[PDB]
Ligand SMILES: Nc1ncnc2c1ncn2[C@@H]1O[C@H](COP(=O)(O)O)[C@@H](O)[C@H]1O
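Next up: just one chain, as structure tokens, the form solved without this ligand.
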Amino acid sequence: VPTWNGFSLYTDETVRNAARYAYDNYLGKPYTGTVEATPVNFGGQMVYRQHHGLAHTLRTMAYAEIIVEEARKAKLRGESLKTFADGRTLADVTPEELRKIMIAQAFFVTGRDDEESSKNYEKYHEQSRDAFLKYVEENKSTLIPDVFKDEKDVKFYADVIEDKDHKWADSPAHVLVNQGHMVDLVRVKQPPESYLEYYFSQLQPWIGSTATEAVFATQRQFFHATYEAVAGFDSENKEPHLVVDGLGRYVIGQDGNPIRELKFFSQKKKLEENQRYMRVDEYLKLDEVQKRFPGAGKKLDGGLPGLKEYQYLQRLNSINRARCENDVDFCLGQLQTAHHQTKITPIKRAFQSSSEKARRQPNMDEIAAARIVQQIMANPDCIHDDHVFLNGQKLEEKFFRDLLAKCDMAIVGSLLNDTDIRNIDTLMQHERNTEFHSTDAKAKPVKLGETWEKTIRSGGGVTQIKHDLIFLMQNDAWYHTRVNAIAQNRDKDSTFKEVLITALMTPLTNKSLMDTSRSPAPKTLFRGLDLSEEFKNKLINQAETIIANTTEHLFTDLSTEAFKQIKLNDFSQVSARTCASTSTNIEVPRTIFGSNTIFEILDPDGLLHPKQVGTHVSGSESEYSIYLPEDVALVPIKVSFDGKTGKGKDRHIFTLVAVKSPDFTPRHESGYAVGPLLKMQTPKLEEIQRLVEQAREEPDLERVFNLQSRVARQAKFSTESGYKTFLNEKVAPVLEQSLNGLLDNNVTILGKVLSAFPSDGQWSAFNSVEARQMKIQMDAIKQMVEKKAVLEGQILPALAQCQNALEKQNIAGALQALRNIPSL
């Protein structure tokens, strides 16, 4: 299966002009014959050939297109398709071949002089051929050799139009022109079930059942798009079956069984006693019919859903009906929109839908990640060469790579504020000389914060900061190549600072984009990539597998296989995890940057939330930024070869549709950000650490001995009588008792030597120089004894009682231990 080149009925100029020449010279002119010569009027506009005119002709061309499309898919799915004499298959039809096919289809019915279908088929197809050859000769110059290799090529398609011998299976040309003509015959002729089965059965061998279901499902949408009535389908309808070939009927005998040789009967032939015509319900339920037609048990509604018959019938009479019959460009536009929609509806069918177009609310880790970002921005002092150290916690390269891979950094950015944006410069001044390295190795390293201050930042308020940041991202390749490579986890030999900066700037850049972007979101965006040959080939294969397993259906929903193949082959991650640059102008990626890979990103449901980047004057890059939501997939619907780039590499355009579904949500293990954040909230509790260090000081018994010796010298020698009685009675026992109390760590002794300390007035009885000095010595020893008695006897037990209440979760008891403290 070769890669298509983007050739399409709705964009090829040659095929459209052939449709014009057919309309202007035949299809749009009045019939010269008898049958159905009289025109019919639709909303005031006249249609001369309502049945075999422009809308019918263009639909047959559109059928041939999707028949080739569906045949290529069936071949890629592994199905066996009907072979021609030379072993080819409808899947083997090339773009140039099909362009010749459709041009002949434009003239297949122009030779009609009226609507007679009972004769002069020979004559009318002769006039059709003459019309086609007349067009070819008149535009000989353009047609040859570009469209037709020569006049011998022209005669082959003139031969298919003439149809001398009804060799309807001879080549892809005969098949597609015949089948395209026959597919338009499925209409509201009753019973509709008989007609659909017959034409389904005629196409089915060439492309298979899955493909044939897609063709006739699409045919109904083309009928709606061109304002033709669409019939219903009832598998248990009770009308007599209609043998379409020969307009006959089949029979059920008086005996039980359907009669066969299965045997044809004319509608005229009279039947024996109480024999009967086979009903359509019985026809569909026959085993041979069920084996080739999946219509059994199935019902389809006629008309348009959500329209009741009086509104549907006014639609069928709309002037757009005649515009389809008289305006080539209008009718092709209706078909193109219907063709495009049938590439999207099977995708949405296969996934759980959602009514929310916005990003989800933050999870716990995105909330914690945002808090960590704000604290780093607030304290760039925390940035080292290996790690970040903040609030006693070490965050290394792995932590920031986890944030990039598990957090929605756009959601994180929505939890940041203008203070974090203002702090961008203080982070940059801290990183004045931090060198960034472009992924291009020949580029010279660039100092981050210094470049920022002297080339990017223009002062102003926080909005100007946001545009400066957005500008650095759009303008400086040394910056965004490293950032995007790290963000998408495909970088080589990156420094830790480069990882951290990427982790900090990705949410901050998203906030800048979100706050600044004014324009409503474009619905078509183009992204350029430079992929290796091997990697592009992998994406082509994956896209083709997805496209081949995405099909419209009539009766057999294969949505489960589309789900399975899209999950196996999705390459949405190529556009995820970073602020991805896109342009509304395909020539920015195609022509200016020369990408060999172009993603045509369609977002008809507004799920991508693109943000404007920079200016959009004429000649600008028309840039928009996408940070892919976690539950949006960019599902491929078309892969086209687009020619070669300036360097001679192949260029391919992938058309992708953004689809949102809970089925695309990743499952991450939580905790990677909350854990570290919890560590940082840990209190230092420095005062309590100093309470214990002070509760572990050895008492200074040096000074108590000093005063004991000082008392002893004054207590051997004192001529004053009363001073020596007081020193030996009231002072020396307190000092000896205090010494043993400090030595023994005995609370009982300490709490009671306090009462024994003499008063200031008892000391004031003696106005000696040494007695005053001792009084000051005694007070210091007294404070030292009291502090220990209060610590070990009052405060330390209360903490223990408080703590023990807390390990029993007796909270009010823990308070009580502090409140209710007993005296000594």
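Numbering starts at 1 and follows the sequence shown.
Omitted from view is the form solved in complex with this ligand, to which the following refers.
Heavy atoms of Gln179 reach within 4.5 Å of this ligand in the deposited complex, making it an interface residue. The closest heavy atom approach of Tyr627 to this ligand in the deposited complex falls outside 4.5 Å. Within 4.5 Å of some heavy atom of this ligand in the deposited complex lies at least one heavy atom of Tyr198.
Contact check for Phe400: every heavy atom lies farther than 4.5 Å from this ligand in the deposited complex. This chain is drawn without this ligand; in the deposited complex, the residue among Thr591, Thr463, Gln202, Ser494 with a heavy atom within 4.5 Å of it is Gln202.
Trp168 is the sole member of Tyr723, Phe563, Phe84, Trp168 with a non-hydrogen atom lying within 4.5 angstroms of this ligand in the deposited complex. Stretch-level contact check against this ligand in the deposited complex with heavy atoms at 4.5 Å: of 95-103, 179-187, 388-396, 743-751, the positive one is 179-187. Residues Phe108, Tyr121 are the ones in 89-122 with at least one heavy atom within 4.5 Å of this ligand in the deposited complex, listed in sequence order.
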